[PDB]
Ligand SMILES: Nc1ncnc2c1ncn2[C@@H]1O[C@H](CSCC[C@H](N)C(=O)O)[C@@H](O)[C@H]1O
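As a starting point, one isolated chain is supplied in structure tokens, in the form deposited without the ligand.
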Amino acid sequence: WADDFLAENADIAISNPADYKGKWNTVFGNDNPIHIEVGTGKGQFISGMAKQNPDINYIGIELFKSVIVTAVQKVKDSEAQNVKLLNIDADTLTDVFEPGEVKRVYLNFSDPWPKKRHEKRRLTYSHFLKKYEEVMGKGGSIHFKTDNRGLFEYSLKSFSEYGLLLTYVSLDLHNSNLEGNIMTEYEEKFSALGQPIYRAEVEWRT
């Protein structure tokens, strides 16, 4: 079963992440920056980023146990030693990291939750911006990609209301020559479609 697979690969899929709060450098065995992805899905993005940037430590967060099993297999097939995976939600980030332990949050094709009464479930809503702040501290950035126009418009306004600085914005990423862009599985199936991929980098003011 999926639960046996994750128990057997517990060196990648860390079962006790709260035990490493403030000590994640001892987990990776170096003092390199830790970047996280909230919503790893099947794990092509974080595996690709781990192989591209071996001097960056990566931690994928993925609530959905069914899909994280796949992420563990792609991390294993990658042979990258700089990536762990946590089967937790965004609310638990503050149980796992101290302020400043994370340098960057990746969000890729987050659930848009388009209905007004579901605003608080969007991963760009103010509550999650605060969770990201509590793990990144003074500096820190969010690198955000979505195909959903409603979510990206909402996110630009949410980022702005929170007081973040927009340093990068593309309203058509695949025609914008972002060198070293690592696609998610979902993103790969868009260049043929022709619909724009939206991208933002936003940072805390210092």
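Only residues modelled in both forms are compared. The first residue of the sequence shown is number 1, and the count goes up from there. Superpose the two forms; the largest set of C-alphas matching within 1.5 Å is the rigid core.
There is another form of the same protein, the form solved in complex with the ligand; it is not shown, and what comes next is about it.
In summary, among the residues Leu63, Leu165, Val27, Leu178, the only one with a non-hydrogen atom within 4.5 Å of the ligand in the bound PDB entry is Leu63.
Taking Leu129, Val135, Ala80, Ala90 one by one, only a single residue has any non-hydrogen atom within 4.5 Å of the ligand in the bound PDB entry, and it is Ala90. The candidate spot formed by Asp19, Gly22 and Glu101 is out of contact with the ligand in the bound PDB entry: none of the three has a heavy atom within 4.5 Å. Contact check for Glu119: every heavy atom lies farther than 4.5 Å from the ligand in the bound PDB entry.
In the bound PDB entry, at least one heavy atom of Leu123 sits within 4.5 Å of a heavy atom of the ligand. Proximity of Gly48 to the ligand in the bound PDB entry falls outside the 4.5 Å heavy atom cutoff. Of the heavy atoms in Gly140, none are within 4.5 Å of the ligand in the bound PDB entry.
The chain is drawn here without the ligand; in the bound PDB entry, the stretch among 170-178, 33-41, 154-162, 48-56 whose residues come within 4.5 Å of it by any heavy atom is 33-41. Shown without its partner, the chain has no residue in segment 142-158 with a non-hydrogen atom within 4.5 angstroms of the ligand in the bound PDB entry. Relative to the superposed core, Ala10 undergoes a Cα shift smaller than 2 Å between this form and the one not shown. Relative to the superposed core, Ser191 undergoes a Cα shift of 2 Å or more between this form and the one not shown. Residues present in both forms were compared between this form and the one not shown after fitting on the core; consecutive runs of three or more with every C-alpha moved by 2 angstroms or more are 1-4, 189-192.
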